[PDB]
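Here the Cβ positions follow ideal geometry from the backbone for every residue, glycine too, while neighbour counts run over all protein chains shown. Each value in this text was obtained by applying a stated rule to the coordinates, not by laboratory testing.
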Amino acid sequence: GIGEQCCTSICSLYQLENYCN
Amino acid sequence: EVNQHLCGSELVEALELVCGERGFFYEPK
């Protein structure tokens, strides 16, 4: 779930923080 | 409609806020 799936809004950036290296 | 959405390949920008410097495992499937 890291593709452009987030298109219905902006997706919480903090939620994407778990993907960091 | 030019908002800060994430469709096509603009999501990398959102993931940039994640770590940015350290980078991330951007391997969108």
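The table below gives the values:
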quantity: Cβ-based net charge around B:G23, under 14 Å, with every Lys or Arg adding one and every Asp or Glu removing one; calculated: -4
quantity: Point-to-point label distance, B:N3-B:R22, nm (Cα→Cβ direction, 7 Å offset); calculated: 3.0
quantity: Theoretical FRET efficiency, 1/(1+(r/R0)^6), r = Cβ-Cβ of A:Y14 and B:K29, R0 25 Å, to 0.05; calculated: 0.65
quantity: Between chain A and chain B, the alpha-carbon center distance in angstrom; calculated: 7
